[PDB]
Every structure is written in C-alpha cells, then in structure tokens.
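To keep things clear, I will list the structure first and then write my remarks on it.
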Amino acid sequence: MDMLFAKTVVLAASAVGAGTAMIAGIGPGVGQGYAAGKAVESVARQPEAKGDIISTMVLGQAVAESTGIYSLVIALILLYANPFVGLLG
Amino acid sequence: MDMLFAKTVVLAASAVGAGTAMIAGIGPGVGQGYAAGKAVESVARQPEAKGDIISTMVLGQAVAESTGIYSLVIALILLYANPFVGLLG
Amino acid sequence: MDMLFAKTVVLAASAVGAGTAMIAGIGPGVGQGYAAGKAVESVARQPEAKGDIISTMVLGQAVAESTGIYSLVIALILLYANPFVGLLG
Amino acid sequence: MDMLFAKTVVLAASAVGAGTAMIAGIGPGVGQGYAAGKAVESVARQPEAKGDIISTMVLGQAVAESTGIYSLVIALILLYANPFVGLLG
Amino acid sequence: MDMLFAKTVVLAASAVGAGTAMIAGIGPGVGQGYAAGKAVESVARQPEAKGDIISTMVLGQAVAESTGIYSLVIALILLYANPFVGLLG
Amino acid sequence: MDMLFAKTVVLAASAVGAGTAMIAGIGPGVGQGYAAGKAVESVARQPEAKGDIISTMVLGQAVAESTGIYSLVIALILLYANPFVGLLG
Amino acid sequence: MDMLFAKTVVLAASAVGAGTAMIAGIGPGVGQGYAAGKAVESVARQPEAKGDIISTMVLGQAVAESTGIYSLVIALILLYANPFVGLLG
Amino acid sequence: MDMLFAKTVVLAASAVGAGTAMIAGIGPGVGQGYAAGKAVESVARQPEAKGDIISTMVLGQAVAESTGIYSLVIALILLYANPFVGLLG
Amino acid sequence: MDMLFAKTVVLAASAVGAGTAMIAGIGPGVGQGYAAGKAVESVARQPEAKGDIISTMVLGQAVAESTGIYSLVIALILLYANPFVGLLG
Amino acid sequence: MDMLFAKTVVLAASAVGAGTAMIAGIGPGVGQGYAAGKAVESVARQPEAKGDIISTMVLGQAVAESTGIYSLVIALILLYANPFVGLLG
Amino acid sequence: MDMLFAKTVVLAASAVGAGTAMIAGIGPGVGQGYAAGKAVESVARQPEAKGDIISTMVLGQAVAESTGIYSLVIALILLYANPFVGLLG
Ligand SMILES: CCCCCCCCCO
Ligand SMILES: CCCCCCCCCO
Ligand SMILES: CCCCCCCCCO
Ligand SMILES: CCCCCCCCCO
Ligand SMILES: CCCCCCCCCO
Ligand SMILES: CCCCCCCCCO
Ligand SMILES: CCCCCCCCCO
Ligand SMILES: CCCCCCCCCO
Ligand SMILES: CCCCCCCCCO
Ligand SMILES: CCCCCCCCCO
Ligand SMILES: CCCCCCCCCO
Ligand code: NA
Ligand code: NA
Ligand code: NA
Ligand code: NA
Ligand code: NA
Ligand code: NA
Ligand code: NA
Ligand code: NA
Ligand code: NA
Ligand code: NA
Ligand code: NA
C-alpha cells in the first residue's frame with residue numbers, strides 16, 4: 001500500500017467516526033429542554049424566585065451539556081488534529 | 001492511488017459523516033417541545049406572568065439548541081470547508 | 001479513476017447522507033405533539049385564554065422546528081447544490 | 001465507468017436514502033398520538049369545549065406533521081424527480 | 001454493465017429501502033396506544049361521554065396514522081411500481 | 001450476470017429488508033402496554049365499567065396494531081410472494 | 001454462480017434478517033412492564049379487585065405481545081422453513 | 001465455492017444475527033424496572049399488601065421477560081444448533 | 001479457502017456480534033434507575049419502611065438485570081468459548 | 001492468508017465491537033439521572049432524611065451502573081487482553 | 001499484507017469504534033437534564049434548601065456522568081494510545 005491510499009481510508013473512517021460521535025447531541029437537547037420546561041413552570045408560580053430559578057437552570061444544564069462537548073471535541077480532533085495520519089509509516 | 005480517487009472516497013465519507021451528525025437534531029426537537037408545552041400550560045393558568053414565561057422559555061430552549069448547532073457546524077465544515085482534501089498528498 | 005466514477009460515488013454517498021440527516025425529523029414531531037397536547041388541555045380549561053394559548057403554542061413549536069429545518073437544508077444542498085462535484089479534479 | 005453503471009449505483013443509493021428518510025415518521029406518530037390522548041381526556045371532562053378542543057388538536061397536530069412531510073418530499077424527489085442522474089456525465 | 005446486473009442492484013437496494021421505511025411504524029404504535037389508554041381512563045370516569053370519547057380517539061389516532069401510511073406507500077412503490085428500473089438505460 | 005446470481009442478491013436483500021421492517025413491532029408493544037396499564041388501573045377503581053373499559057381497550061389497541069401488521073405484510077410479501085424475482089430479465 | 005454460493009449468501013442474509021426482526025422484542029418488554037407496574041399499584045390499594053386486576057393485566061399484555069410473536073415467527077421461518085432456498089434455480 | 005467457505009460466511013452471519021437479536025433485551029430491562037419502582041412505592045404505603053404486591057410484580061414481570069427469552073433462544077440456536085450448516089449442499 | 005482465513009472471518013464476526021449484544025445494557029440501566037428513584041422518594045416519606053423498601057428494590061432490580069446478563073453471557077461465549085471455530089472443517 | 005492479515009481484520013473487528021458495546025452507557029446515564037432528580041426533590045421536602053436519601057440513592061444507582069461496567073469490561077478485554085489473536089493459527 | 005496496510009485498517013476501524021462509543025453521551029444528557037429540572041422546581045418552592053438542593057444535584061449528576069466518561073476514555077485510548085498497532089507483527 002502507498003501512503004496516499006493509507007491516508008485516504010484513515011481519514012475517510014475519521015469522517016464517519018466524527019459524524020457518529022455527534023449523535024450524542026440528542027441527549028443534552030432532551031434533558032436541557034426538560035429543565036427549561038420546569039423553569040418556565042416555576043417562574044410562573046414563583047416570580048420572586050426568578051433569580052434562583054434561572055441560575056439553577058443554567059448550572060444544571062451546563063452539567064448536562066458536557067457529553068455533547070466531549071463528542072464535539074472528539075469530532076474536532078478527527079477533523080483538525082487527526083492523530084492517525086502521523087502514525088502511518 | 002491517484003489524487004482523484006483519494007478525494008472521491010474522503011468526500012464520500014464526508015457526505016455520510018455529515019448526514020449522520022444531523023441525527024442529533026432529534027434531541028432539541030423533543031426537549032424544546034416539552035418546554036413549549038409547559039409554557040402553554042403556564043400562560044393559561046397565569047396570564048400575569050406571560051413576560052417571564054416566554055423569556056424563560058426562550059432562554060432555556062436556546063441552551064437546548066446548542067448540540068443541534070454543533071452538529072450543523074460539523075456538517076457544514078465537511079461540506080464547504082472540508083479539512084481532509086488538503087491533507088491528501 | 002475517471003471523472004464519471006468519481007461523481008458516481010460522491011453523489012451516491014450524498015443520497016445516503018441526505019436520507020440519514022432527515023432522521024432528525026423524529027424530534028420536532030415528538031416535541032411539537034407534546035406542546036399540542038398541552039394546548040388542547042389548556043383551551044378546554046380556560047376558553048378565554050385561547051389567543052395566548054395558540055400564539056404561545058406556535059412560538060414554542062416554531063423554535064422546536066429548527067433542527068428539522070437544518071436537516072432539510074443539508075439534504076437539499078446535497079441533492080440540488082452539491083458542493084462535492086465541483087471539488088473533484 | 002459506463003453510464004449504465006453510474007446510474008445504477010446512484011439510483012440504488014437513492015433507494016436506500018429515501019427509505020432512511022422515512023424513519024422520521026416515528027416522530028409525528030408519537031407526538032400526535034399524545035395530542036389525541038389529551039383531546040380525549042378533555043372532551044370527556046368538558047363536552048362544551050368540543051369545538052375548541054378539536055380545532056386546537058388539529059392545528060397543533062398539523063404543525064407536528066411537518067417533518068414527516070419533509071421526509072416524504074425528499075423520498076419522492078429521489079424516486080420520481082431524481083436530481084443525480086442528470087448530473088452524471 | 002449489462003441490464004440484468006443493473007436491475008439486480010437497483011431492486012436489491014429497493015428491498016432494503018422499503019424495509020427501512022417501515023421502521024416509521026414504531027411511531028403511530030406508541031402514540032395511538034397512548035390515546036387508547038386515555039380513552040379507557042375517560043370512559044370509566046365518564047360513561048356518559050362514551051360517544052365523544054371514542055369519536056375523538058379515532059379522529060386523533062387517524063391523524064397519528066399518516067406517517068405509517070406514507071412509509072407503507074413508499075415501500076409498495078418500491079416493490080410493485082418501482083420507478084428506477086425504467087430509468088435504466 | 002447470470003440469472004442465478006441476480007436472484008441470489010435480490011432475495012438476500014429481501015431477507016434483510018423483511019427483518020428490518022419488523023423493527024416497527026416495537027411501537028404497538030409500547031403503546032398497547034400503556035393502554036393495558038390504564039385498563040388495569042380503571043377496572044380496580046370502577047369494577048362496574050368493566051365492559052366499557054375492556055371494549056375500549058381492545059378498540060384502541062387494534063388501531064395501534066395496524067403498523068405492526070403493515071410491516072408483517074411487507075415481510076411476508078418479500079418472503080412468499082417476492083415481486084422482484086419476476087422483474088429480472 | 002454455482003448453487004452452493006447462491007444458498008450461502010441467501011442463508012447468510014437470512015441469519016442477519018432474523019436477528020434484526022427480533023429487535024421488535026423491545027416493545028412488548030416496555031409496554032407489558034408498564035402494565036405490570038399499574039397492576040402492582042392497583043392490588044395494593046384495592047385487594048378486593050385482585051381478580052379483575054390480574055385478568056385485565058393478562059388480556060392487555062397478551063395483545064401487546066403480538067408483534068413480539070410476529071417477529072419470532074419471521075425469524076423461525078428464515079431459520080427452519082426458509083422460503084428462498086427453494087426459489088434458487 | 002468450497003464447503004469451508006460456505007460454512008464460514010453462514011456462521012459469520014449467524015454471529016452477527018445472534019448479537020443483533022439480543023438488542024431486544026433493552027425492553028424487559030426498562031419495563032420490569034418500572035414495575036419494580038411501583039412495587040417499592042406500594043409496599044412503603046401498604047406494608048399489609050406485601051404478599052400481593054410481590055406476587056403481582058413477579059407475574060407481570062415474567063410476562064414482560066418473554067421477548068428477552070425469545071431473542072436468547074434465537075441466539076442460542078444460531079450458536080449451538082445452527083440450522084444453516086446442514087442445508088449447505 | 002484455508003483454515004486461517006475461515007477462523008479469521010468467523011472470529012471477526014464474533015467480535016462484532018458480541019459488542020452488538022451488549023447494547024441490551026441500556027435497558028436495565030434505565031429501569032433500575034427508575035426503581036432507585038422511587039426507593040429514594042419512599043424512604044424519605046416513610047423511614048420506617050426502609051427494610052421493605054430496599055429489599056423490594058433489590059428483588060425487582062435483580063429481575064430487571066436478567067437480559068443484561070443474557071447479553072453478557074452471549075458475548076463471553078463468543079469471546080472465550082467460541083462455538084463456530086470447532087464447526088469449521 | 002498470512003498471519004498479519006488475520007490479526008489485522010480480527011483486531012479491526014474488535015475495535016468496532018468495543019465501541020459498539022459502549023453504547024450501553026446510555027442506560028445508566030438516564031436511569032441514574034432520574035434517581036438523582038428524586039433525591040433532589042426529597043431532600044428539599046425532608047431535610048431530616050438526608051442520610052437515608054443519599055445512601056439509598058447511591059445503592060440504587062450502583063445497581064443501575066452494572067451493565068455500563070459490563071460493556072466497559074468487554075471493551076477492555078477486546079483492547080488489552082484480546083482473546084482472538086491467540087486462537088489464530 | 002504489508003505493515004502499512006495492517007496499520008491502516010486497524011486505525012480506520014479504531015476511528016469508527018471511537019465515534020460509536022461516544023453515542024453513550026446521550027444518556028447522561030437526558031438523565032442530568034431531568035435532575036436539573038427537579039432542582040429548579042425545588043429551589044423555587046423551597047429557597048431555604050438551596051444548599052442541599054444544589055449539592056445533591058451535583059452528587060447525583062456526577063454519578064450519572066460516569067458512562068459518558070468511560071466512553072470518552074475508550075475513544076481517547078483508540079486515538080492517542082492505540083493498543084492494536086503494537087500487536088501487529
Ligand atoms: C468506514 C471506512 C470507509 C473507508 C472506505 C475506503 C474504501 C476504499 C476502497 O478501495
Ligand atoms: C461509508 C463510507 C463511504 C466510502 C465509499 C467509498 C467507495 C469507493 C469504492 O471504489
Ligand atoms: C455509503 C455511500 C455509498 C457508497 C457508494 C459506493 C458505490 C461504488 C462501488 O464501486
Ligand atoms: C448504499 C447504496 C448501495 C450502492 C452499492 C452499489 C454496488 C454496485 C455493485 O456493483
Ligand atoms: C443494498 C445494495 C445491494 C447491492 C448488492 C450488489 C452486489 C454486487 C455483486 O456483484
Ligand atoms: C445488504 C443487502 C444484501 C446484499 C447482498 C449482496 C450479496 C452479493 C455478494 O456477492
Ligand atoms: C447481510 C449480507 C450477508 C451476505 C454476505 C455475502 C457474503 C459473500 C462474500 O463473497
Ligand atoms: C454479516 C457477515 C458477513 C460475512 C461476510 C464474509 C466475507 C468473506 C469475504 O470473502
Ligand atoms: C461482520 C464481520 C466482518 C468480517 C469481514 C471479513 C473480511 C475478510 C477480508 O478478507
Ligand atoms: C467491521 C469489521 C472490520 C473488518 C475490516 C476488515 C477489512 C479487510 C479488508 O482488507
Ligand atoms: C469500519 C472499518 C473500515 C474498514 C477499513 C478497511 C477497508 C479499506 C481497505 O480496503
Ligand atoms: Na454531562
Ligand atoms: Na445544549
Ligand atoms: Na430547535
Ligand atoms: Na413539525
Ligand atoms: Na400524522
Ligand atoms: Na396504527
Ligand atoms: Na400487539
Ligand atoms: Na413479553
Ligand atoms: Na429481566
Ligand atoms: Na444493572
Ligand atoms: Na454512571
């Protein structure tokens with residue numbers, strides 16, 4: 001095998017892998033949406049607690065965001081800092 | 001392998017990868033719909049809090065939108081700013 | 001590889017990619033249905049709040065529609081404004 | 001590659017893509033069913049609001065139907081107005 | 001490529017595409033079951049509203065059935081009125 | 001290509017397609033289970049309404065069964081009345 | 001193609017198809033579990049209605065079992081009464 | 001094709017098929033967990049009905065277990081009583 | 001085909017099959033977490049029923065664990081007691 | 001086939017298999033998050049039961065963690081103690 | 001097979017495997033979002049228990065984070081400490 005062929009299938013597999021990793025984004029979208037719903041329900045019934053409601057929503061949502069970020073990082077490594085091309089040959 | 005062949009499989013893999021990434025869009029759809037439902041339930045029962053209900057719904061939904069945007073960005077990079085073609089040869 | 005072969009696998013991959021992106025449509029379907037259910041429950045309870053109920057339902061649903069639209073746009077780019085065929089050769 | 005071979009894999013890919021896009025139909029099925037359940041619960045407890053209940057159910061369901069329609073349109077384009085065969089050669 | 005080979009892979013891809021489209025049937029199954037459950041709960045508590053309960057259940061369920069039908073139609077087109085075989089050659 | 005080869009890949013694709021279509025069976029299982037749960041909860045509270053509860057459960061479940069039947073029909077067509085083998089040659 | 005090769009790929013495809021069909025088993029598992037939960041909750045509050053609770057649970061669960069059985073039947077046909085081997089040559 | 005090659009792909013497909021069938025195990029896991037949760041909630045509130053609660057939980061869970069068992073049986077047939085190897089020739 | 005080639009694809013397929021079977025682990029994770037949540041809610045309200053709450057949680061969870069174990073067993077058979085290698089030639 | 005080729009496809013299949021097994025991680029994430037939500041709701045309402053709430057949350061979550069661990073173990077066996085390479089030849 | 005070819009398919013398989021493992025991220029996103037929702041609802045109703053609410057939310061979420069981390073670790077091993085390349089030859 002020549003080097004152009006080797007890079008070609010390793011990068012092609014990286015494109016597939018990166019796209020697949022992003023499927024994780026489903027999670028934070030569902031979970032954070034739920035938290036948003038509860039915040040909406042709570043500010044209506046407790047206008048006074050708006051400060052706590054929104055800061056608590058944002059903290060909890062930030063935690064729920066993390067695996068979305070992990071997948072994004074894995075995809076950006078595969079696209080822009082690919083660790084396989086350097087191991088070839 | 002010649003350069004046309006190399007670009008061909010790297011770009012083909014990119015098309016698949018980009019479409020696969022967009023599957024993440026399921027998430028924000030579900031979550032934001034839920035938040036919308038709670039907003040509807042809350043403005044009915046408390047017309048007096050319409051301002052807070054809608055601003056809270058939009059803030060929380062915007063957070064839930066983020067992984068949908070990440071996947072969109074990954075797909076648009078693969079289609080219009082593909083980082084693999086330049087690494088070839 | 002000749003140019004006809006190159007276009008053939010890039011476009012074939014684009015057909016698969018476009019179909020795959022549309023899977024995101026599951027999300028808005030679920031979420032918006034939920035918002036619709038809450039709107040139904042609310043207009044039964046408070047017929048006078050019908051204006052706010054329906055305008056709030058539509059606003060929240062529109063937000064939940066966005067990732068469905070993103071996938072539609074990605075699929076239409078792949079079918080009718082394909083960015084790969086021009087990069088070939 | 002000859003033209004018959006090129007059309008063959010582009011169309012075969014289109015058949016797979018079209019079937020895959022239809023997976024989105026899961027969404028509206030779930031969401032609209034939920035809305036239906038809420039309408040059933042509401043007309044039982046408020047026979048008087050039947051008109052508003054059913055018109056609100058239909059409006060909200062119609063919105064939830066849209067990504068099902070998008071996938072149907074993408075599938076019908078791939079089967080009956082295929083945009084790839086004309087780009088070949 | 002000869003015509004028998006071309007028809008063979010286009011039809012094989014159509015078989016896969018048709019089966020894949022039918023995955024959408026999950027949706028109406030879930031949603032309509034939910035509507036059924038609410039109808040059961042409502043006739044028990046409101047025997048007097050049985051007429052409205054059942055007519056409303058059927059209307060709402062019919063709407064939720066549609067994407068199941070779309071997928072069935074796409075599958076039957078691929079099996080019995082295949083649009084690709086005629087484009088070959 | 002000879003005729004035995006053509007039948008072989010068309011039928012193999014049909015086996016995969018048929019199995020894939022049956023995935024829809026998830027739907028009715030979930031939805032009808034829910035309706036069953038509501039029927040159980042309702043006969044316990046209101047033993048008198050047992051007739052209406054069970055007839056309403058069966059009607060609603062039957063509707064939810066339909067996409068499971070559609071998939072079964074598509075799979076049985078592919079196995080026992082395959083429409084592709086006759087189109088070959 | 002010789003007959004041994006033809007049987008080999010048709011049966012291999014059948015093995016994959018049969019395993020894939022069994023994925024439907026997810027559905028009845030979820031739905032029937034739910035019905036079981038409601039039966040547990042109901043016999044605790046209303047020990048008297050135990051007879052109706054359990055007979056209603058079993059009836060509704062049996063209905064929810066059906067698509068599980070359909071997939072099982074499709075898989076057993078593919079394994080023990082395979083309809084493709086006889087169509088070959 | 002020689003007999004060793006034929007057995008090789010039929011068995012390889014069987015390994016994939018068996019693994020795929022086990023995906024059904026998701027279902028009973030979800031459903032039975034739900035039933036367990038309801039049993040916990042019920043014995044806390046009704047220590048007196050512990051006998052009925054646990055016997056009802058086990059009966060209902062057993063029913064929900066069945067499609068998990070079906071998939072297990074299909075996988076064990078493919079691994080230890082494979083019906084395809086004997087049909088080869 | 002030589003024996004090394006035959007073992008290679010049968011074992012490779014076994015690796016894929018074993019990984020696929022483990023997907024079932026999703027189920028017990030969801031269901032048992034639910035039971036855990038109900039146990040938490042119940043010991044808070046009813047500290048005196050702690051004994052029954054925890055023993056009931058563990059029994060019900062153990063049942064929900066079973067399909068997780070089945071998949072583990074299938075995966076360990078494929079890795080450490082593979083039944084296909086011995087059937088080859 | 002030479003030994004390098006045999007190890008190559010067996011290990012490549014192992015990488016795919018290991019990645020696939022990790023999909024089970026979805027389950028514990030969902031379930032344990034639910035248990036966490038109930039613990040939060042319970043300590044707010046019953047600060048005095050904090051000890052029991054947290055110990056019960058951890059016990060129940062640990063049980064829900066198990067299939068996540070099983071998949072991790074299968075993946076680490078495939079990566080670091082691969083049982084297939086030794087069976088080759 | 002030469003060493004460049006062996007490394008190429010083992011690494012390509014590793015890219016796919018790593019992306020697939022990240023699909024687990026869905027789980028913690030859903031579950032932690034739910035816990036966040038409950039924390040929002042609880043601080044609104046009970047501002048004085050803010051300390052316990054947030055510390056309990058973070059503890060429970062951390063537990064739910066673990067399988068997200070496991071998948072991340074498996075993906076980073078495959079990308080930056082790949083255990084297969086060293087086993088080759
Ligand atoms: C998932 C990896 C895709 C790589 C395909 C390479 C095909 C090259 C054929 O010569
Ligand atoms: C899924 C990755 C698509 C790569 C297609 C490459 C096919 C080239 C065959 O010559
Ligand atoms: C998965 C993307 C489609 C792959 C197209 C390859 C067809 C060309 C085979 O020579
Ligand atoms: C996923 C679309 C399949 C396209 C495969 C075409 C293969 C042609 C074989 O000559
Ligand atoms: C789903 C598409 C199947 C295509 C099978 C092509 C077989 C090529 C054999 O020459
Ligand atoms: C995925 C659909 C089955 C493809 C059957 C192709 C078998 C032909 C190999 O020569
Ligand atoms: C799902 C497709 C299984 C059929 C594989 C055919 C293998 C033949 C290789 O020559
Ligand atoms: C799904 C299992 C298919 C096994 C394909 C065997 C390929 C052998 C190539 O000569
Ligand atoms: C599903 C397991 C794939 C097995 C691939 C065998 C390919 C051997 C190449 O000579
Ligand atoms: C999914 C299993 C990966 C097997 C890849 C083996 C490729 C060998 C072709 O030269
Ligand atoms: C998913 C693993 C992809 C297989 C990489 C090897 C195929 C390209 C070399 O022919
Ligand atoms: Na997180
Ligand atoms: Na987000
Ligand atoms: Na959106
Ligand atoms: Na919509
Ligand atoms: Na519809
Ligand atoms: Na139906
Ligand atoms: Na059924
Ligand atoms: Na069952
Ligand atoms: Na079980
Ligand atoms: Na467990
Ligand atoms: Na965890």
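For the structure tokens, the naming scheme is as follows: chains receive sequential letters (A, B, ...) according to their order of presentation, residues are indexed from 1 within each chain, and ligands are indexed from 1 in presentation order.
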### Nearby polymer residues, ligand 9, at most 12 Å, only C-alpha atoms and all ligand atoms, as a ChimeraX atom specification
/G:12-13,16 /H:5,8-20 /I:1-2,4-20 /J:1-2,4-17 /K:1,6,9,13
### Task
Quick one: pick out all alpha helix (DSSP H) residues within chain J from a backbone DSSP run and write them as a PyMOL selection string.
chain J and resi 3-21+26-45+50-80
Could you write those residues out with C-alpha atoms, as a PDB file, in the first residue's frame?
ATOM      1  CA  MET J   3      -0.831 -14.158   9.948  1.00  0.00           C
ATOM      2  CA  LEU J   4      -0.509 -10.349   9.710  1.00  0.00           C
ATOM      3  CA  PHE J   5      -3.681 -10.170   7.602  1.00  0.00           C
ATOM      4  CA  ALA J   6      -5.553 -12.434  10.024  1.00  0.00           C
ATOM      5  CA  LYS J   7      -4.604 -10.356  13.080  1.00  0.00           C
ATOM      6  CA  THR J   8      -5.468  -7.199  11.162  1.00  0.00           C
ATOM      7  CA  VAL J   9      -9.139  -7.996  10.469  1.00  0.00           C
ATOM      8  CA  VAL J  10      -9.706  -9.686  13.843  1.00  0.00           C
ATOM      9  CA  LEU J  11      -8.395  -6.630  15.718  1.00  0.00           C
ATOM     10  CA  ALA J  12     -10.194  -4.184  13.421  1.00  0.00           C
ATOM     11  CA  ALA J  13     -13.435  -6.034  14.165  1.00  0.00           C
ATOM     12  CA  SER J  14     -12.529  -5.870  17.842  1.00  0.00           C
ATOM     13  CA  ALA J  15     -12.216  -2.067  17.702  1.00  0.00           C
ATOM     14  CA  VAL J  16     -15.665  -1.802  16.148  1.00  0.00           C
ATOM     15  CA  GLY J  17     -17.071  -4.332  18.615  1.00  0.00           C
ATOM     16  CA  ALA J  18     -15.677  -2.499  21.627  1.00  0.00           C
ATOM     17  CA  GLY J  19     -17.036   0.866  20.501  1.00  0.00           C
ATOM     18  CA  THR J  20     -20.443  -0.694  19.878  1.00  0.00           C
ATOM     19  CA  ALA J  21     -20.591  -2.267  23.359  1.00  0.00           C
ATOM     20  CA  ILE J  26     -26.838   5.451  27.575  1.00  0.00           C
ATOM     21  CA  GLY J  27     -28.854   3.392  30.065  1.00  0.00           C
ATOM     22  CA  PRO J  28     -27.183   4.103  33.410  1.00  0.00           C
ATOM     23  CA  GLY J  29     -26.983   7.772  32.401  1.00  0.00           C
ATOM     24  CA  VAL J  30     -30.750   8.058  32.005  1.00  0.00           C
ATOM     25  CA  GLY J  31     -31.725   5.914  34.996  1.00  0.00           C
ATOM     26  CA  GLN J  32     -29.248   7.351  37.474  1.00  0.00           C
ATOM     27  CA  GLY J  33     -30.158  10.876  36.464  1.00  0.00           C
ATOM     28  CA  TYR J  34     -33.756  10.083  37.312  1.00  0.00           C
ATOM     29  CA  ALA J  35     -32.753   8.735  40.705  1.00  0.00           C
ATOM     30  CA  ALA J  36     -30.730  11.927  41.253  1.00  0.00           C
ATOM     31  CA  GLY J  37     -33.756  14.051  40.434  1.00  0.00           C
ATOM     32  CA  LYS J  38     -35.857  12.214  43.002  1.00  0.00           C
ATOM     33  CA  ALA J  39     -33.147  12.605  45.634  1.00  0.00           C
ATOM     34  CA  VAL J  40     -33.066  16.360  44.997  1.00  0.00           C
ATOM     35  CA  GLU J  41     -36.848  16.604  45.343  1.00  0.00           C
ATOM     36  CA  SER J  42     -36.744  14.542  48.550  1.00  0.00           C
ATOM     37  CA  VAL J  43     -34.017  16.395  50.491  1.00  0.00           C
ATOM     38  CA  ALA J  44     -35.811  19.688  49.822  1.00  0.00           C
ATOM     39  CA  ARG J  45     -39.045  18.294  51.300  1.00  0.00           C
ATOM     40  CA  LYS J  50     -30.810  13.367  54.076  1.00  0.00           C
ATOM     41  CA  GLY J  51     -28.773  10.419  55.352  1.00  0.00           C
ATOM     42  CA  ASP J  52     -31.237   7.800  54.106  1.00  0.00           C
ATOM     43  CA  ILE J  53     -31.918   9.694  50.880  1.00  0.00           C
ATOM     44  CA  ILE J  54     -28.287   9.784  49.780  1.00  0.00           C
ATOM     45  CA  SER J  55     -27.365   6.267  50.903  1.00  0.00           C
ATOM     46  CA  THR J  56     -30.455   4.897  49.131  1.00  0.00           C
ATOM     47  CA  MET J  57     -29.663   6.938  46.011  1.00  0.00           C
ATOM     48  CA  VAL J  58     -26.124   5.567  45.877  1.00  0.00           C
ATOM     49  CA  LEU J  59     -27.162   1.941  46.456  1.00  0.00           C
ATOM     50  CA  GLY J  60     -29.818   2.046  43.736  1.00  0.00           C
ATOM     51  CA  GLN J  61     -27.552   3.889  41.312  1.00  0.00           C
ATOM     52  CA  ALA J  62     -24.751   1.372  41.889  1.00  0.00           C
ATOM     53  CA  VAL J  63     -27.089  -1.401  40.793  1.00  0.00           C
ATOM     54  CA  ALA J  64     -28.051   0.625  37.704  1.00  0.00           C
ATOM     55  CA  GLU J  65     -24.349   1.102  36.925  1.00  0.00           C
ATOM     56  CA  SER J  66     -23.647  -2.617  36.370  1.00  0.00           C
ATOM     57  CA  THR J  67     -24.410  -3.006  32.627  1.00  0.00           C
ATOM     58  CA  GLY J  68     -22.318   0.095  31.972  1.00  0.00           C
ATOM     59  CA  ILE J  69     -19.478  -1.741  33.717  1.00  0.00           C
ATOM     60  CA  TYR J  70     -20.136  -4.984  31.780  1.00  0.00           C
ATOM     61  CA  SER J  71     -19.758  -3.143  28.475  1.00  0.00           C
ATOM     62  CA  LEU J  72     -16.614  -1.403  29.738  1.00  0.00           C
ATOM     63  CA  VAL J  73     -15.128  -4.791  30.687  1.00  0.00           C
ATOM     64  CA  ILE J  74     -15.959  -6.296  27.284  1.00  0.00           C
ATOM     65  CA  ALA J  75     -14.354  -3.307  25.570  1.00  0.00           C
ATOM     66  CA  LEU J  76     -11.187  -3.514  27.709  1.00  0.00           C
ATOM     67  CA  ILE J  77     -10.876  -7.246  27.039  1.00  0.00           C
ATOM     68  CA  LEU J  78     -11.067  -6.593  23.300  1.00  0.00           C
ATOM     69  CA  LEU J  79      -8.430  -3.817  23.524  1.00  0.00           C
ATOM     70  CA  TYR J  80      -5.903  -5.155  26.090  1.00  0.00           C
TER      71      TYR J  80
END
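CA of residue 23 in chain A is positioned 18.6 Å from CA of residue 25 in chain D.
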### Query
What does the distance from atom 9 (C, counted along the ligand's line) of ligand 10 to CA of residue 88 in chain K come to in Å, to one decimal?
15.3 Å
### Task
Could you jot down the CA of residue 22 in chain C to CA of residue 81 in chain D separation for me, Å, one decimal place?
18.0 Å
